[PDB]
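Have a look at the structure below, then the notes.
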Amino acid sequence: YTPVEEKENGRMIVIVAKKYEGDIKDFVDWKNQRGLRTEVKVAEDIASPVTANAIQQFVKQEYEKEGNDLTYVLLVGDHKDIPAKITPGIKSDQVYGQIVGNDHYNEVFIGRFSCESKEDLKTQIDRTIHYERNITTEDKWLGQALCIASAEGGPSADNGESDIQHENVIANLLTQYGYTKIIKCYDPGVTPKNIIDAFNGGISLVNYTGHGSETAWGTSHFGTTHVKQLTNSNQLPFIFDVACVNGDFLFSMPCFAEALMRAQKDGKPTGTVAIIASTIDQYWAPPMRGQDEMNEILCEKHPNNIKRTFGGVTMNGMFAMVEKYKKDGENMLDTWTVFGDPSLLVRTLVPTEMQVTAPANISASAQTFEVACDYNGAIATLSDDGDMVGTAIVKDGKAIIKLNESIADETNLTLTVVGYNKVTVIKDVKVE
Ligand SMILES: *CC(=O)[C@H](CCCNC(=N)N)NC(=O)[C@H](Cc1ccccc1)NC(=O)[C@H](N)Cc1ccccc1
Ligand SMILES: [Ca+2]
Ligand SMILES: [Ca+2]
Ligand SMILES: [Ca+2]
Ligand SMILES: [Ca+2]
Ligand SMILES: [Ca+2]
Ligand SMILES: [Ca+2]
Ligand SMILES: [Zn+2]
Ligand SMILES: [Zn+2]
């Protein structure tokens, strides 16, 4: 299949319901600070009442603009705030990113921060910023994974694997890549305690393959009522969830996925940093292929298809499903919904540090700024209070940042450098 790229110069639009307009600033500032051009659009400004047709039209319109650099779209609100596209048998956010080619292969990654209160939003913003900005060499819970499998399935499943055999292949792939601990919770016998203990012990990735209801997992019986028992404060995994309706966010109560994204303990984020879960019932075999490819891409098994964002990893993993299962695969892709930031830079192992050498000062008339970094591929960005002044990728040991405006009016600039499985570096640059 042809992958959908995380365009180096891509941008993001956060479509936020009016009642949350004044609460998203810190998120928008951080994204611009690390080099992802991000703009905000108030949903009611697109149309009031807000409808699925208007959102769809707005995204298409923005995508068509000269360059087609639109790459991510984050929806901020629950279904009542920003609706999902609803057609017979389909509830979907993913469809908003299907713009070209009369097909179901997205052009744009879509994600959602489902919130019904200000704190639901604040906790999703904070956990995301902490994950990309504040993870250090001491966050030892990274590189540890949890595989969960029902005792069902067989020869007629994807690649003829029962859910257990399917998860074992995934566990081997993760181990080969470098994960240091794989926890296996396979039926029969899994209880809520087993899941609660795993999360509380520290894990950065969860793969689930089995049955599910709107509010719980069939294997373990762990559900929304058990979320309050989690104490994995800012030690959050992301999840590839194969199950029926765990992601039905139009349910009368918070669904499984929403509960995990909104969980908090004494003001700190618990639960998950991101999860992809279905709004409808899932077929047995198709999602298995998608889940496998997501893990293959995460473990960099395809050198010319590297994806660093949660949206990029999951969407490209689903392309393989569509390719092999066709129509059935397309229905699964449309409804397998991303909860969390689609631009999220995933972490797989305990990070290492980067050696960054940059001038302590910059001329008020400078057009460029050179930074030395011992990690090629890092993204170096200069910003001013959430305003991105220039960004560049490290190549051959250095990044040559071209300023997009005059800094003659500034006294200080913030240099931010991020890198895959690296500790984020933030330095000040005095303007002389
Ligand atoms: C509801 C679930 O949680 C279950 C999730 C399966 C995930 N894949 C793996 N664990 N490997 N889904 C089902 O059990 C599925 C639900 C469904 C019902 C009606 C239409 C479409 C999906 N049911 C089945 O797979 C059964 N084999 C019945 C069936 C449905 C569709 C075609 C053929 C058989
Ligand atoms: Ca397309
Ligand atoms: Ca509260
Ligand atoms: Ca498999
Ligand atoms: Ca049960
Ligand atoms: Ca909801
Ligand atoms: Ca593959
Ligand atoms: Zn923090
Ligand atoms: Zn079954």
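Throughout, residue positions are numbered sequentially from 1 according to the sequence presented. The basis for the numbers below is simple: all heavy atoms, side chains too, and nothing from hydrogens, waters or symmetry mates.
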Any chance you could lay out the side-chain hydrogen bond (donor to acceptor under 3.5 Å, both in side chains) test for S114 and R262, step after step, and finish with the verdict?
CA-CA 8 Å; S114 174; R262 300 173 178 181; 2.9 Å; yes

For [X] and [Y], does a side-chain donor sit closer than 3.5 Å to a side-chain acceptor?
X    : Y    : result
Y325 : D158 : yes
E293 : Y1   : yes
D163 : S150 : yes
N295 : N207 : yes
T381 : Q33  : no
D187 : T219 : yes
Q98  : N106 : yes
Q94  : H104 : no
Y420 : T348 : yes
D341 : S343 : yes
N168 : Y186 : yes

Measure across [X] and [Y] and return the closest heavy-atom pair with its distance rounded to 0.1 Å.
X    : Y    : value
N412 : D384 : O-OD1, 4.3 Å
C373 : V394 : CB-CG2, 3.7 Å
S204 : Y179 : OG-CE2, 4.0 Å
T309 : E6   : OG1-OE2, 2.5 Å
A274 : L344 : CB-CD2, 4.2 Å
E116 : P254 : OE2-CG, 3.9 Å

Would the distance check show the side chain of [X] and the main-chain N or O of [Y] forming a donor-acceptor pair, the cut-off being under 3.5 Å?
X    : Y    : value
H130 : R127 : no
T270 : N232 : no
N246 : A243 : no
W336 : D241 : yes
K228 : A263 : no
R347 : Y131 : yes
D428 : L415 : no
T424 : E132 : yes
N316 : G312 : yes
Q124 : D120 : yes

Could you go through the side-chain contact (heavy atoms from CB on, under 4.5 Å) check for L230 and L260 one step at a time?
CA-CA 10 Å; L230 306 180; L260 286 171; 4.0 Å; yes

Between the side chains of [Y] and [X], is the shortest nitrogen-to-carboxylate-oxygen separation below 4.0 Å, so that they form an ion pair?
X    : Y    : result
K91  : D248 : yes
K140 : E138 : yes
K25  : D29  : yes

Min side-chain heavy-atom separation [X]-[Y] under 4.5 Å:
X    : Y    : value
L298 : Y177 : no
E39  : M12  : no
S383 : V389 : no
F256 : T215 : no
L236 : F199 : no
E214 : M253 : no

Should we count CG of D197 as having more than 12 external heavy atoms under 6.0 Å?
yes

If you count the non-hydrogen atoms of other residues, nucleotides and ligands that lie under 6.0 Å from NZ in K398, is the total more than 12?
no

To the nearest 0.5 Å, atom CG of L382 lies from atom CD1 of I401 at 4.0 Å

From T209 atom OG1 to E161 atom CD, the distance as rounded to the nearest 0.5 Å:
9.5 Å

Tell me whether the rings of [X] and [Y] are parallel (<30°), tilted (30 to 60°) or perpendicular (>60°).
X    : Y    : result
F319 : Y105 : perpendicular
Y208 : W217 : parallel
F222 : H226 : parallel

How far apart are the C-alpha atoms of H79 and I86, what are their side-chain angles, what is the distance that settles it, and do they pass the side-chain contact (heavy atoms from CB on, under 4.5 Å) test?
CA-CA 11 Å; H79 173 74; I86 298 179; 3.9 Å; yes

Go through the steps for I90 and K85 under the test side-chain contact (heavy atoms from CB on, under 4.5 Å), then give the verdict.
CA-CA 8 Å; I90 297 292; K85 181 59 183 293; over 6 Å; no

Do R112 and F339 meet the cation-pi criteria used here (NZ or CZ under 6.0 Å from the six-membered ring centre, within 45° of the axis)?
no

On the six-membered ring of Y375, is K422 placed so that its NZ or CZ lies under 6.0 angstrom from the centre and within 45° of the ring axis?
yes

Could you walk me through whether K19 and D81 pass the salt bridge (charged side-chain N to carboxylate O under 4.0 Å, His left out) check?
CA-CA 9 Å; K19 63 179 179 184; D81 303 310; 3.4 Å; yes

Between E152 and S162, does the side-chain hydrogen bond (donor to acceptor under 3.5 Å, both in side chains) criterion hold? Intermediate values first, please.
CA-CA 6 Å; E152 299 185 34; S162 62; over 6 Å; no

Using ring pair (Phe, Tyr, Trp, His ring centres under 6.0 Å) as the criterion, list what pairs up with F310, not counting sequence neighbours.
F238

Worked check of salt bridge (charged side-chain N to carboxylate O under 4.0 Å, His left out) between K18 and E21
CA-CA 5 Å; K18 187 169 189 55; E21 166 171 39; 3.2 Å; yes

Are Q235 and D139 close enough, and set up right, to give a side-chain hydrogen bond (donor to acceptor under 3.5 Å, both in side chains), and what steps lead you there?
CA-CA 8 Å; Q235 297 191 173; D139 283 285; over 6 Å; no

Residue of the set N32, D69, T71 for which side-chain hydrogen bond (donor to acceptor under 3.5 Å, both in side chains) holds with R11
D69

For the pair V4 and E107, evaluate side-chain contact (heavy atoms from CB on, under 4.5 Å) and give the outcome as yes or no after the intermediate values.
CA-CA 6 Å; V4 48; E107 271 62 66; 5.6 Å; no

